[PDB]
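Participant: Sending over a structure as structure tokens; questions will come in a sec.
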Amino acid sequence: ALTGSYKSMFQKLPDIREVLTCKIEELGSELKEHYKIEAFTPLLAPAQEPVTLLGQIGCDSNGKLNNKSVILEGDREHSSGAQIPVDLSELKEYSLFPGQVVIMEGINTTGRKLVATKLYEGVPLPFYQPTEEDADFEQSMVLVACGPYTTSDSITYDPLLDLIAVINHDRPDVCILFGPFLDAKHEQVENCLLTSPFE
Amino acid sequence: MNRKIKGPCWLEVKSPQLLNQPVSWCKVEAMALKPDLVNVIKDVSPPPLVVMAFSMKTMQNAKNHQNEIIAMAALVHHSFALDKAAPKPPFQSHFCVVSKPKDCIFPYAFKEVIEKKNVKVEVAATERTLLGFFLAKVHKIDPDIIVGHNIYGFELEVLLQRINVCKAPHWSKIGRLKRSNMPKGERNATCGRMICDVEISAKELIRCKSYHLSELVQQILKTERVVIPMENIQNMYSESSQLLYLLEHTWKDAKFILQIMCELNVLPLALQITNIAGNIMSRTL
């Protein structure tokens, strides 16, 4: 998880495509092996009988996702990355968002529009297996706070001083401090009124 | 490989034993204990075969997304030359049939109008009777090559699914071999008969903007065919005249498919390609 700083801010469309399809295919293999799914089918194949279909959900247009403005985009090795609208009228219970990998067992008798009939709740990863040393740890308290640490119209950082005071008083084991530490959306910096460099 | 068989070629079998019970729907059967008992003879010309061009109209069920076949039409040519020019006319007989899926009440005096016009058509009460009649007809005609549009992906699959759901008698009549249990089937469905999709063959031969039937007819035969949207035929069933118009349109579509196949002469091309390559003609088509 990024011991070093970084490499680039240069993107390549084919490589982003490879990342996306790799994510889809990995989630698909995991779900298929867990659910013992027989076999996936291409999105554009017109199949009369209900056929399981794999792919990531997406919004048809550029706006907020609507319950009847949803398409399924498949993987390359099964559907060649094709897209197909999905109809949720028949589906009973669901919870979707753009870019989530799903296996939908809807019926698609025309090949141009799928109608959902059941959604497969995705399976979480296995937990972290502890060891004897892990159980050998006494109770420890953890602090967690998230910025910004100054009010919308201040630089005195009084909230940070109060947080430091409580940290000193409680003497917690580990303290997690999230950013931002000088918010980019702060009106003070958004208007570049500061007399010192950001760094 | 062992018998040195190179595509369709006259094969002569020695010591043909006649099996006690039929195993297929063909008129003649024979037995061969070992593959070596059959040899290949070359100096003979191919015989003419039977070609049936078929087209049907499916409709999504009103309730929930299920295809339903309502109208069928098919042209036949018993003696179809495979080396000479495509016979003109490309057919000498045909048959059509229509049915009401679940609630599409027949227009009043429908069969009366049919008999008044005295055109070749039969009325089937339900999808089951439609499929039964079609299977009986195809078995009685035993077409070696069945040609259609979108048979590879859409028409054949929906036909098989409707037959299975309706449990029509002798589902195996489609293929020449008889099998008791439904198959589940890339080519096992039509064992014995040569399915030819005009779109794939045209894509093999010519280049077009899109290989949909209308575009193919435009670019090939330089003629226009009226497209009947499936969404408008929901009320189509309440009036005899427009129903007969739809039936005649299906017949016209079958004629167009047959004419495309004949003028593009895909059959002799497949013969020669298979003979050159030696593979199975079904895999070629």
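Letters A, B, ... mark the chains of the structure tokens in the order given; residue numbers begin at 1 per chain; ligand numbers begin at 1, in order shown.
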Just want the 7 Å neighbourhood of residue 117 (chain A), counted on only C-alpha atoms, with same-chain residues fewer than 3 positions away dropped. Output as number ranges by chain.
Facilitator: A: 90-91, 105-107
Participant: Would you kindly return, as a list in words, each protein, DNA or RNA residue with an atom no farther than 12 Å from any atom of region 10-17 of chain A, considering only C-alpha atoms and excluding same-chain residues fewer than 6 positions away?
Facilitator: residues 23, 24, 75, 76, 80 and 81 of chain A
Participant: Would you output that residue set with N, CA, C and O atoms, as a PDB file, in the first residue's frame?
Facilitator:
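Output below, filename result-v3.pdb:
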ATOM      1  N   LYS A  23     -10.928  -6.662 -12.650  1.00  0.00           N
ATOM      2  CA  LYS A  23     -11.761  -6.599 -11.453  1.00  0.00           C
ATOM      3  C   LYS A  23     -13.056  -7.376 -11.656  1.00  0.00           C
ATOM      4  O   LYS A  23     -13.456  -8.188 -10.806  1.00  0.00           O
ATOM      5  N   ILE A  24     -13.717  -7.148 -12.792  1.00  0.00           N
ATOM      6  CA  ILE A  24     -14.975  -7.837 -13.067  1.00  0.00           C
ATOM      7  C   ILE A  24     -14.759  -9.343 -13.061  1.00  0.00           C
ATOM      8  O   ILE A  24     -15.522 -10.095 -12.448  1.00  0.00           O
ATOM      9  N   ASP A  75     -18.216  -8.762 -19.152  1.00  0.00           N
ATOM     10  CA  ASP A  75     -16.775  -8.924 -19.238  1.00  0.00           C
ATOM     11  C   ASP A  75     -16.374  -9.344 -20.647  1.00  0.00           C
ATOM     12  O   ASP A  75     -17.197  -9.793 -21.449  1.00  0.00           O
ATOM     13  N   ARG A  76     -15.082  -9.191 -20.941  1.00  0.00           N
ATOM     14  CA  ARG A  76     -14.603  -9.456 -22.294  1.00  0.00           C
ATOM     15  C   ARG A  76     -14.669 -10.941 -22.633  1.00  0.00           C
ATOM     16  O   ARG A  76     -15.099 -11.312 -23.731  1.00  0.00           O
ATOM     17  N   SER A  80     -17.677  -9.939 -24.329  1.00  0.00           N
ATOM     18  CA  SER A  80     -16.874  -9.017 -25.128  1.00  0.00           C
ATOM     19  C   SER A  80     -17.106  -7.565 -24.719  1.00  0.00           C
ATOM     20  O   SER A  80     -16.919  -6.647 -25.520  1.00  0.00           O
ATOM     21  N   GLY A  81     -17.511  -7.345 -23.471  1.00  0.00           N
ATOM     22  CA  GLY A  81     -17.721  -5.994 -22.991  1.00  0.00           C
ATOM     23  C   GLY A  81     -18.978  -5.329 -23.499  1.00  0.00           C
ATOM     24  O   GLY A  81     -19.081  -4.102 -23.446  1.00  0.00           O
TER      25      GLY A  81
END
Participant: As a ChimeraX atom specification, please: the residues near residue 187 (chain B) (cut-off 10 Å, only C-alpha atoms, same-chain neighbours under 6 positions excluded).
Facilitator: /B:152,175,193-195,282-283
Participant: Residues at most 12 Å from region 26-43 of chain A, counting only C-alpha atoms, excluding those fewer than 6 positions away in the same chain, as a PyMOL selection string?
Facilitator: chain A and resi 18-20+49-56+71-86+100-115+120-126
Participant: What residues in chain B have any atom no more than 12 Å from chain A when counting only C-alpha atoms, and can you write them as a PyMOL selection string?
Facilitator: chain B and resi 58-61+63-68+150+152-162+164-165+184+230
Participant: Might you pull out every residue within 10 Å of residue 141 (chain A), with only C-alpha atoms counted and same-chain residues fewer than 3 positions away left off, and present them as a VMD selection string?
Facilitator: chain A and resid 170 to 175
Participant: Using only C-alpha atoms, find the one residue out of B:172, B:265, B:55, B:20 that sits nearest to residue 146 (chain B).
Facilitator: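 Comparing B:172, B:265, B:55, B:20 against residue 146 (chain B), the winner is B:55.
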Participant: How far is it from CA of residue 279 (chain B) to CA of residue 182 (chain B), in Å with one decimal?
Facilitator: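 That distance, rounded to one decimal, is 27.4 Å.
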Participant: Could you check how far CA of residue 11 (chain B) sits from CA of residue 38 (chain B), in Å to one decimal?
Facilitator: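 Going from CA of residue 11 (chain B) over to CA of residue 38 (chain B), I get 6.8 Å.
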Participant: Can you pull out the residues contacting residue 233 (chain B)? Cut-off 12 Å, using only C-alpha atoms, and skip same-chain residues under 4 positions away; I want them as JSON, numbers by chain.
Facilitator: {"B": [57, 58, 59, 60, 61, 62, 70, 71, 104, 227, 228, 229, 237, 238, 239, 242, 243, 245, 246, 247]}
Participant: DSSP on the backbone: which residues in region 119-214 of chain B end up as helix (DSSP H, G or I)? Give the answer as a ChimeraX atom specification.
Facilitator: /B:127-141,151-166,171-174,188-190,198-205,213-214
Participant: CA of residue 220 (chain B) and CA of residue 248 (chain B) are how many Å apart?
Facilitator: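 It comes out at 21.5 Å.
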Participant: List as an MDAnalysis selection string the protein and nucleic acid residues near residue 121 (chain B), meaning an atom at most 8 Å away when only C-alpha atoms are counted, but skip any in the same chain fewer than 5 places from it.
Facilitator: chainID B and resid 95:97 114
Participant: DSSP on the backbone, strand (DSSP E or B) only: what residues of region 53-158 of chain A does that give? Format it as a PyMOL selection string.
Facilitator: chain A and resi 53-59+70-73+83-87+101-104+107-108+114-115+119+142-146
Participant: Please produce an output containing N, CA, C and O atoms for each residue in the selection, written as a short mmCIF file (atom, residue, chain, number, x, y, z; two decimals), in the first residue's frame.
Facilitator:
data_model
loop_
_atom_site.label_atom_id
_atom_site.label_comp_id
_atom_site.auth_asym_id
_atom_site.auth_seq_id
_atom_site.Cartn_x
_atom_site.Cartn_y
_atom_site.Cartn_z
N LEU A 53 -26.23 -14.16 -15.78
CA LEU A 53 -25.43 -13.18 -16.51
C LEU A 53 -24.54 -12.44 -15.53
O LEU A 53 -24.98 -12.06 -14.44
N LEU A 54 -23.30 -12.22 -15.93
CA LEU A 54 -22.31 -11.55 -15.10
C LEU A 54 -21.99 -10.19 -15.68
O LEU A 54 -21.86 -10.04 -16.90
N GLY A 55 -21.85 -9.19 -14.82
CA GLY A 55 -21.39 -7.90 -15.29
C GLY A 55 -21.54 -6.84 -14.23
O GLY A 55 -22.09 -7.08 -13.16
N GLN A 56 -21.05 -5.65 -14.56
CA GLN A 56 -21.11 -4.52 -13.66
C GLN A 56 -22.27 -3.61 -14.05
O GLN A 56 -22.53 -3.41 -15.24
N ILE A 57 -22.97 -3.10 -13.04
CA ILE A 57 -24.08 -2.19 -13.28
C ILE A 57 -23.56 -0.83 -13.70
O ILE A 57 -22.44 -0.42 -13.35
N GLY A 58 -24.36 -0.11 -14.47
CA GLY A 58 -24.00 1.22 -14.90
C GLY A 58 -25.23 2.05 -15.19
O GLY A 58 -26.30 1.51 -15.52
N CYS A 59 -25.09 3.36 -15.06
CA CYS A 59 -26.17 4.28 -15.38
C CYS A 59 -26.20 4.55 -16.87
O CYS A 59 -25.16 4.77 -17.50
N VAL A 70 -30.90 1.67 -16.03
CA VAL A 70 -29.77 0.86 -15.61
C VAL A 70 -29.41 -0.12 -16.71
O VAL A 70 -30.28 -0.77 -17.31
N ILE A 71 -28.11 -0.24 -16.98
CA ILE A 71 -27.59 -1.18 -17.96
C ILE A 71 -26.57 -2.07 -17.28
O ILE A 71 -25.98 -1.72 -16.25
N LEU A 72 -26.37 -3.25 -17.85
CA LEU A 72 -25.38 -4.21 -17.40
C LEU A 72 -24.30 -4.28 -18.46
O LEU A 72 -24.60 -4.46 -19.65
N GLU A 73 -23.04 -4.11 -18.05
CA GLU A 73 -21.90 -4.20 -18.94
C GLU A 73 -21.10 -5.43 -18.57
O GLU A 73 -20.63 -5.55 -17.43
N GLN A 83 -22.95 -4.09 -23.70
CA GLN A 83 -23.87 -3.49 -22.76
C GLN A 83 -25.30 -3.88 -23.12
O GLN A 83 -25.62 -4.10 -24.29
N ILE A 84 -26.16 -3.97 -22.10
CA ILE A 84 -27.56 -4.28 -22.35
C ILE A 84 -28.43 -3.65 -21.26
O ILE A 84 -28.11 -3.78 -20.07
N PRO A 85 -29.52 -2.97 -21.61
CA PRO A 85 -30.41 -2.44 -20.56
C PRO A 85 -31.04 -3.57 -19.76
O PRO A 85 -31.32 -4.65 -20.28
N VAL A 86 -31.27 -3.29 -18.47
CA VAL A 86 -31.91 -4.25 -17.58
C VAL A 86 -33.16 -3.62 -17.00
O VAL A 86 -33.19 -2.44 -16.65
N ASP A 87 -34.21 -4.43 -16.90
CA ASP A 87 -35.51 -4.00 -16.39
C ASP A 87 -35.72 -4.63 -15.02
O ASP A 87 -35.66 -5.85 -14.87
N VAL A 101 -20.17 -5.22 -9.33
CA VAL A 101 -20.20 -6.48 -10.07
C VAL A 101 -21.32 -7.35 -9.53
O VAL A 101 -21.40 -7.59 -8.32
N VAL A 102 -22.20 -7.82 -10.42
CA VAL A 102 -23.37 -8.58 -10.03
C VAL A 102 -23.54 -9.77 -10.98
O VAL A 102 -23.08 -9.77 -12.13
N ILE A 103 -24.23 -10.78 -10.45
CA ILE A 103 -24.69 -11.93 -11.22
C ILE A 103 -26.21 -11.91 -11.15
O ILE A 103 -26.79 -12.06 -10.07
N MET A 104 -26.85 -11.72 -12.29
CA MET A 104 -28.29 -11.56 -12.38
C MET A 104 -28.87 -12.72 -13.19
O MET A 104 -28.40 -13.00 -14.29
N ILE A 107 -34.30 -13.26 -17.27
CA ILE A 107 -34.67 -13.94 -18.51
C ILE A 107 -34.59 -12.94 -19.65
O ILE A 107 -35.14 -11.84 -19.56
N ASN A 108 -33.90 -13.32 -20.72
CA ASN A 108 -33.64 -12.44 -21.86
C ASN A 108 -33.95 -13.23 -23.14
O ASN A 108 -33.08 -13.90 -23.69
N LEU A 114 -32.50 -7.24 -21.01
CA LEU A 114 -32.66 -8.25 -19.98
C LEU A 114 -33.72 -7.79 -18.99
O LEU A 114 -33.88 -6.60 -18.74
N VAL A 115 -34.46 -8.75 -18.43
CA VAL A 115 -35.39 -8.48 -17.35
C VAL A 115 -34.93 -9.29 -16.14
O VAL A 115 -34.82 -10.52 -16.22
N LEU A 119 -31.27 -11.45 -7.83
CA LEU A 119 -29.94 -10.91 -7.64
C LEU A 119 -29.21 -11.73 -6.59
O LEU A 119 -29.80 -12.13 -5.58
N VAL A 142 -8.40 2.94 21.32
CA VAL A 142 -8.02 3.57 20.06
C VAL A 142 -8.84 4.85 19.91
O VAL A 142 -10.05 4.84 20.13
N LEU A 143 -8.16 5.94 19.56
CA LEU A 143 -8.82 7.19 19.21
C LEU A 143 -8.85 7.33 17.70
O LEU A 143 -7.92 6.94 17.01
N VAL A 144 -9.94 7.90 17.19
CA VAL A 144 -10.02 8.19 15.76
C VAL A 144 -10.75 9.51 15.57
O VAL A 144 -11.85 9.71 16.11
N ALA A 145 -10.13 10.42 14.82
CA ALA A 145 -10.71 11.71 14.51
C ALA A 145 -10.43 12.05 13.05
O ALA A 145 -9.43 11.61 12.48
N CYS A 146 -11.33 12.83 12.45
CA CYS A 146 -11.22 13.23 11.06
C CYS A 146 -11.40 14.74 10.95
O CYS A 146 -12.32 15.30 11.55
#
